[PDB]
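Enquirer: Please read through the structure below; I'll follow up with questions.
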Ligand SMILES: Nc1nc2c(ncn2[C@@H]2O[C@H](COP(=O)(O)OP(=O)(O)OP(=O)(O)O)[C@@H](O)[C@H]2O)c(=O)[nH]1
Ligand SMILES: Nc1nc2c(ncn2[C@@H]2O[C@H](COP(=O)(O)OP(=O)(O)OP(=O)(O)O)[C@@H](O)[C@H]2O)c(=O)[nH]1
Ligand SMILES: [Ca+2]
Ligand SMILES: [Ca+2]
Ligand SMILES: [Cl-]
Ligand SMILES: [Mg+2]
Ligand SMILES: [Mg+2]
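Right under this line is the structure:
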């Protein structure tokens, strides 16, 4: 009970959804045919994993997920892939023409033609829920679908489910694997339009994941598969509290209370450790203190920024595996006396800790090593605004010449929406400056 | 399921078009009869983009062949892969246009255009999701230039929300002796500036200089020139024909390449040109000597660029080298378009080469090309020479002035953003 | 609890309205951008109709 509906929008969302659900199945002992031998409650149950999987009379466990893309080639691989049987066909929704990296096409022109069907299929999942908690929306900032249609969906979900919670996993654009020159435009437009409709958004910088793969896994040129398999690990750590339950397990919502002081300030910085190859892990067990140390090395963050040059508003540690409170408290004591951790004056400096005993799983043939214990730190730091600034600057360089703007106006958008969105980002950057100033 | 409809008009259009189909047919494993005999399943994954599927597992190019003269229609019919085309897709005139833009655009072509639109419409009516059209034609002749720009205008009337692409061959004294070619070219650009989304400027001046100086071919033939054009066209379409994330859609490419609607005239490039290491391909590909448009990129600035590498190669090396040429040539990329250089790698090597590279550039140095045509044009308009050829077809001489001014406006606009700064 | 309900409804109210205001304004603009483009091409055909008429007038001289 208190189920979560995942929504995967665009190529990035869908492919990351493939990585997450594959990982979920392995963590829960669910087979590609949806069967789970260990589940003795056939066709139902109120187990912890039932927050993410529904059950059929035939014993199949079905992700509470919807995949949506405006073109079929990406979802088609799901329809024919290893886990094709996991999803009921109606869970996989495809258009025929993509948004061509144009926010307007995803939000208006092409999006309007499929939005009703998507909501109807999302409604068919909510009707199977006894106490639906909220939504997890996986999408990219950069794509036309991931930015424009997502905004439309978030807008329409706030209407059909009032203030029921909606969480984002957003792919922040990075030049190394970027696809378009207009992504700064689409990133600003979608951030402006979803800001009022998202309760918490976890940003993932592809450059950060790109660097981590090359440095920590000695992958010379990471692919989307490399990045997604790492991203799934982080997503798993965040959602593990919802899918497993235990004596030290802390619900995501409880962390969420500490991470959002003001509604607009809902962008936590995620850091994950250990990311280590199986060749290096061999005969080198990482202790609780070692992985906790890594949470404060910026090289391990999901978003490139410097917490050292900002102020903390919250600090959460989500351990999974062989971890006990003592080792955690010991490590934190060392960290607090040895690292730069300065909080705003208006909030407590404690660290909120949660532990899941189920240990991390690795997908066969992956690059990560299986470890006894892992940790994901969620921190509300003002440094996250650096990601807005970098993007806002790139937006400003092009918009000053109205470069590429005609492609959006041609689809029905007005220059006003560009300046309206940029102004919102200006406030957001000024909001992050305000929260970090001392009191008088 | 994202189909492109191909059109070739005039001699030049029909001949480079036929050669284009020869090359890609080989790359996909399609023999002159339309039967597949290939080694890889990736050849067929996106074959639909340019081919229809037929009874008996045969593949038919989605191409229509147009000309105001029947000579070329027999020539195409009897050449290699001649019988692969759909016989109803030959729309041929009887008389020709005598290298007169007005005849192709206003009178003789107007009689034949309707019959052309019928075959365009039917190829379009059987498309799962049509993305747009690509036209091959010269801008110096009469049929391809005038009628082609007319056909573009009529197609955009019936498919206004679809992409219009052209491979437009720009005329040069070094190849064609005809004298009024500068008139036809300027009139064509006047139309292409308004009704096309992407124009690949295939410059005969550059193709000649390449054949003579680099390939060391004294007295080059049209076959020598087209050999270069087919290599370029195969490279531009590699992203469309094979599964590659980057520019896989005509408009997704246009969105990434066209920062302002009127400045959609690209410099194509190819490497290697001979008859190789990743560093050498890249800096060769960025050389003035390797451009298919007679322009020096170092006399301007780059708005947007697309590099396409084909073959088996170290992508870490490709990334390193593409990132290196930008730091070393940072003055020639506009600073107000961040990350304006994109790179695609296609695992498929081309024919006869282990590694190749195709270059697509939207550079403000393209003005050097348009200034040349404006120079050839004005030299005649100041003497009102040969105008009777056009006034006889109903045209008014101030329509020439409009074309001239609109092209001179286009040049100034390229200079407008070449001199622009950030702060 | 009345106030909590009141503010949830206004959020749904203003959300749907603003959305409906954009989807309509968006349809107006794209329609007008196409309408103007088709207007232009039709003006080229009219200019094409006259030119062909201007040719037959000079054949009678
Ligand atoms: N981490 C990760 N990011 C991706 C992946 N695919 C796309 N992205 C991000 O998304 C951007 C490209 O847009 P896409 O998401 O592929 O396109 P889309 O969302 O389907 O929207 P359209 O294709 O334009 O219709 C890139 O710049 C990336 O930052 C992926 O597989 N993994
Ligand atoms: N590179 C290349 N250019 C060609 C070839 N054939 C024709 N051209 C170019 O085509 C232009 C002349 O126009 P045509 O090829 O005769 O096409 P057209 O419009 O049908 O001409 P007409 O029917 O006689 O009015 C010149 O600029 C030539 O350079 C060719 O085989 N290779
Ligand atoms: Ca059960
Ligand atoms: Ca010749
Ligand atoms: Cl379009
Ligand atoms: Mg897509
Ligand atoms: Mg001819």
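Protein chains in written order, with our numbering: chain A, 80 to 519; chain B, 83 to 505; chain C, 12 to 72. Don't be surprised by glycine CBs; every beta carbon is placed ideally from N, CA and C.
What does residue 49 (chain C) touch in chain B if you count any residue whose Cβ is under 7 Å from its own?
Expert: 239 and 242
Enquirer: Please give the ranges of any beta strand (DSSP E) in the stretch 364–438 of chain A, keeping only runs that are unbroken, at least 3 residues long and fully inside the region.
Expert: 391–400 and 431–435
Enquirer: Against chain A, does residue 46 (chain C) count as a neighbour if the rule is that its beta carbon must be under 8 Å from one of theirs?
Expert: no
Enquirer: Return the CA-CA distance between residue 450 (chain B) and residue 476 (chain B), expressed in angstroms with no decimal places.
Expert: Rounded to the nearest angstrom, the two C-alpha atoms are 32 Å apart.
Enquirer: Report buried or exposed for residue 364 (chain A), applying the criterion of at least 16 other Cβ atoms within 10 angstroms of its Cβ.
Expert: exposed
Enquirer: What's the gap between the Cα of residue 177 (chain B) and the Cα of residue 185 (chain B)?
Expert: 11 Å
Enquirer: Any beta carbon of chain C sitting closer than 8 Å to that of residue 244 (chain A)?
Expert: no
Enquirer: If you draw a straight line from the C-alpha of residue 290 (chain B) to the C-alpha of residue 304 (chain B), how long is it?
Expert: 9 Å
Enquirer: Would you check whether ligand 3 has a heavy atom nearer than 7 Å to the C-beta of residue 120 (chain A)?
Expert: It does: the Cβ of residue 120 (chain A) is within 7 Å (strictly closer) of some heavy atom of ligand 3.
Enquirer: Whole-angstrom Cβ separation of residue 171 (chain A) and residue 146 (chain A), contact assumed at under 8 Å?
Expert: About 5 Å separates the beta carbon of residue 171 (chain A) from that of residue 146 (chain A), a gap short enough to meet the 8 Å contact definition.
Enquirer: Mark residue 269 (chain A) as exposed unless 16 or more other C-beta atoms lie within 10 angstroms of its C-beta, in which case mark it buried.
Expert: Label assigned to residue 269 (chain A): buried.
Enquirer: Where residue 265 (chain B) and residue 222 (chain B) are concerned, what is the direct C-alpha to C-alpha distance, given to the nearest angstrom?
Expert: 8 Å
Enquirer: Leaving out the 5 sequence neighbours to the left and right, which residues in its chain are closer than 7 Å to residue 302 (chain B) when beta-carbon positions are compared?
Expert: 290, 293 and 294
Enquirer: Residue 333 (chain A) CB to nearest chain C CB: under 8 Å?
Expert: no
Enquirer: Our contact map puts residue 61 (chain A) next to residue 439 (chain A) with C-beta atoms below 8 Å; I'd like the distance itself, whole angstroms only.
Expert: What the structure shows of chain A is the stretch from 80 to 519, and residue 61 (chain A) is not part of that stretch, so it cannot be assessed.
Enquirer: By Cβ distance, which residues of its chain are closer than 7 Å to residue 353 (chain A), with the 5 residues on each side in sequence left out?
Expert: 365, 370, 373, 450 and 453
Enquirer: Using only Cβ atoms and a threshold of 5 Å, which residues come within that distance of a heavy atom of ligand 6? Order them by chain position.
Expert: A:90 and A:177
Enquirer: Ligand 5 heavy atoms versus the CB of residue 333 (chain B): any closer than 7 Å?
Expert: yes
Enquirer: Give the interface partners of residue 86 (chain B) over in chain A, defined as CB-CB distance under 7 Å, in chain order.
Expert: Correct list: empty, because the minimum Cβ distance to chain A is about 14 Å.
Enquirer: Among B:103, B:309, B:412 and B:457, which residue has its Cα nearest to the Cα of residue 36 (chain B)?
Expert: Nothing can be reported for residue 36 (chain B): it is not among the residues displayed for chain B, which extend from 83 to 505.
Enquirer: Identify the continuous alpha helix (DSSP H) that holds residue 153 (chain B) and give its terminal residues.
Expert: 153–160
Enquirer: Compare the C-beta of residue 477 (chain A) with all C-beta atoms of chain B and state if any pair is closer than 8 Å.
Expert: Contacts with chain B at 8 Å (Cβ-Cβ) include residue 477 (chain A).
Enquirer: Contact between the stretch 454–467 of chain A and the stretch 385–401 of chain A is defined here as three or more beta-carbon pairs at a separation below 8 Å; is this criterion met?
Expert: yes
Enquirer: In whole angstroms, what separates the C-alpha of residue 51 (chain B) from that of residue 257 (chain B)?
Expert: No answer is possible for residue 51 (chain B): the residues shown for chain B start at 83 and end at 505.
Enquirer: Please classify residue 123 (chain A): is it buried, with 16 or more other beta-carbons within 10 angstroms of its beta-carbon, or exposed?
Expert: exposed
Enquirer: Name the residues in the stretch 100–116 of chain B whose C-beta lies less than 9 Å from a C-beta of chain C; which are they?
Expert: Taking 9 Å as the cut-off between beta carbons, none of the residues of the stretch 100–116 of chain B comes near chain C.
Enquirer: May I ask whether a heavy atom of ligand 3 can be found less than 7 Å away from the beta carbon of residue 123 (chain A)?
Expert: yes
Enquirer: What residue range does the alpha helix (DSSP H) around residue 500 (chain B) cover?
Expert: For residue 500 (chain B), the enclosing alpha helix (DSSP H) covers residues 479–500.
Enquirer: For the beta strand (DSSP E) that contains residue 22 (chain C), what are its first and last residues?
Expert: In the DSSP assignment, residue 22 (chain C) falls outside any beta strand (DSSP E) and lies within the alpha helix (DSSP H) extending over 13–69.
Enquirer: Strictly closer than 5 Å from CB to any heavy atom of ligand 7: give me those residues in the order they appear in the chain.
Expert: B:93 and B:151
Enquirer: Which ranges does the alpha helix (DSSP H) cover as unbroken runs of at least 4 residues, wholly within the stretch 101–136 of chain B, from first to last along the chain?
Expert: If we require 4 residues or more, the alpha helix (DSSP H) runs fully inside the stretch 101–136 of chain B come out as 124–127.
Enquirer: Which of the three DSSP states, helix, strand or coil, is assigned to residue 117 (chain A)?
Expert: coil
Enquirer: Which of helix, strand or coil does DSSP assign to residue 180 (chain A)?
Expert: Looking at residue 180 (chain A) - three-state DSSP - the assignment turns out to be coil, as it is neither helix nor strand.
Enquirer: If we count the other Cβ atoms within 10 Å of its Cβ and call it buried at 16 or more, is residue 425 (chain A) buried or exposed?
Expert: exposed
Enquirer: Round the Cβ separation of residue 352 (chain B) and residue 313 (chain B) to the nearest angstrom and send it over; I've been treating them as touching at under 8 Å.
Expert: 5 Å
Enquirer: Please check if any C-beta of chain A sits within less than 8 Å of the C-beta of residue 517 (chain B).
Expert: Residue 517 (chain B) lies beyond the stretch modelled for chain B, which goes from 83 to 505, so this question has no answer here.
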